[PDB]
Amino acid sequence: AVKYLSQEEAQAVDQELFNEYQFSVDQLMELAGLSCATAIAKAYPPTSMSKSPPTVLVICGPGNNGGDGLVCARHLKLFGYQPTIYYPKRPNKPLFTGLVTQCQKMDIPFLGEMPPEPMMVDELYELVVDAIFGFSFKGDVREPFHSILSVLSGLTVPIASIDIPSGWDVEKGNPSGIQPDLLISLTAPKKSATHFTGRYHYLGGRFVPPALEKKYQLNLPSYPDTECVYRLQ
């Protein structure tokens, strides 16, 4: 079966992709985000939803996982969803400035604030994307993110988490944490994925070179045809 990575293992793979393999951050974040959008459109196809176009709130955190979310949002728009973004803490870098301007020009709105009650999220948004924290998160959830996570915990609509459910320990999980209905593991799942109790677990990031895969014995499943996602279990 597929290998579930430790936090160290994942940080080592991420290091090689940008070092030995000379991938650019731009690049792999674009493929990551596309997988994310693709898994979401496959698990929650626009046809299956009661609103048209179906609405989605994408919550983007302060780092790279956030960047994935912004990429994910605009492909989701291309796929026929009507996304909305909350992005409260934005790094002051071209990468993220660009990603913001692209979304702004796709007419995707960035909210001024997180809606404060879960009921109000539920009412406006048919799905929530958790793009807050990723694989290199180390455990100190500060405001406004704790607040956001606590609103998410009370939701009735599904949550789709990118790479790891935000607020989970990357290896141990968090039973009192958010419980996403969809998890998109990027490149390979992390050990916290073994505590995943949602219906949908997709693997994404179809860019792992065979030699990187052999070395770390990932045992990736075979992606069908030209798909950038693979549904695990």
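Numbers for residues come from their place in the sequence shown, where the first is 1. Just so we're on the same page, rigid core means the largest C-alpha set that superposes within 1.5 Å between forms.
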- request: Report the stretch with the higher root mean square CA deviation, pooled over structures and residues in 6 other deposited structures of this protein, choosing between 68-76 and 138-146 after a rigid core fit.
  value: 138-146
statement: Taking the deposited Cα B-factors and averaging over 63-71 and over 189-197, the higher mean is found in 189-197
- prompt: For the stretches 42-50 and 178-186, which has the higher mean C-alpha B-factor as given in the deposited record?
  reply: 42-50
- prompt: Can you tell me which of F135, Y125, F79, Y86 has the highest Cα temperature factor in the record?
  reply: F135
query: C-alpha B factor of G205, ranked within the chain: lowest, middle or highest third?
result: middle
- request: Name the third of the chain's ranked CA B-factors that contains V170, choosing lowest, middle or highest.
  value: highest
message: Which third, lowest, middle or highest, does the C-alpha temperature factor of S161 belong to within its own chain?
response: lowest
message: Quick check on the deposited entry: does the C-alpha B-factor of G112 sit in the lowest, middle or highest third of its chain?
response: middle
- prompt: Relative to the other modelled residues in the chain, which third contains the C-alpha temperature factor of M119: lowest, middle or highest?
  reply: middle
